[PDB]
């Protein structure tokens, strides 16, 4: 496979280099040099294969000769140790549940997949994985790389800006895990991570790399659950599919488009965000003006500067698609709560993030079309809110319960790269 820096089309790297390097020069994201296209027949055939084998093929389509599809099947079978079932919410709406993994969030798929690739590509090479999180990614990465003798992870997250349970899920591990509560929002956290890649001294010293969607391995793996979703739907709807994706940093939606660019039939995509509507407002007047981040019920989506947006623009550009074809909507918390109330009424328990997607989908799903909204995380990860918003008690899954009472081990640091750099050089 070949990749290029969105900031420098001449700076190119293979899949192996992209996976171990993470970021390109000048903090630029890597983009697939070639956009493979399966045929209608192949697509039709892939959908009949089991989840694991299908995912392997999709991935091989990009990776190419670098890694034999056979080996790729083994690594994927190890990573995707859980399903991605579609739950019928309404007669014309389905919810792609992506929280059946070890951390109850879709970050599990790409998180574990990357772990597999890195260990396969780099083996036991000493590596420091610096990742920024707004709630879920941190947990998926912390668990995916826990115990790996050659690996040491450092997660940055906005202090007090994520849910209690989300924090407990990855800030009470210790050992191989190191967590940092930054005095700022997610954006500042991601900026600090990216900034670390301009520090040649630091990169080489710690063998820097990132598990955020920044890493091509993260992006690609997420393309797989879209196919799995369609494969569960009846042929009848296969040509009238509308997918709503609760977006924050937009890595999920990006993977959705890539799936379509591969040949997966998707009538229309909807980018559902919360009050942090930098994208929605952009798609409306073409003016890019991010507002200061605002903490909401869907904290994992409190992103004002989606780092993956450039990857979406490049895909539309190269695929020759018109952005006006992209559905979008900004949902506030009041609407979120009431939307959660509705879903419960319909007989489906959901949470803030998924509610935002459903709201946009429900308000844009035309007759004759089947709608899908991604359940990006288990509602229990936001027990407090869900209980008070739904007015009903909620039991805690084993994955959360076994760490709800454990002590936090997070360090506190201001939004200063100098402070972070020192702490990292103190916890080698």
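Numbering follows the first chain given and starts at 1.
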{"property": "Average Cα temperature factor in the PDB entry - higher stretch of 187-195, 281-289", "result": "281-289"}
{"property": "Greater mean Cα temperature factor according to the PDB record, 305-313 or 199-207", "result": "199-207"}
{"property": "Largest Cα B-factor, entry values, listed residues 378, 54, 383, 33", "result": "383"}
{"property": "Top residue by Cα temperature factor, when 248, 94, 164, 135 are compared in the entry", "result": "94"}
{"property": "Residue 146 - which third its CA temperature factor falls in, relative to the rest of the chain", "result": "middle"}
{"property": "Residue 17, C-alpha B-factor rank within chain (lowest, middle or highest third)", "result": "middle"}
{"property": "CA B-factor placement of residue 263, once the chain's modelled residues are sorted into thirds", "result": "highest"}
{"property": "Third assignment of residue 423 from its chain's C-alpha B-factors", "result": "highest"}
{"property": "Third assignment of residue 327 from its chain's C-alpha B-factors", "result": "middle"}
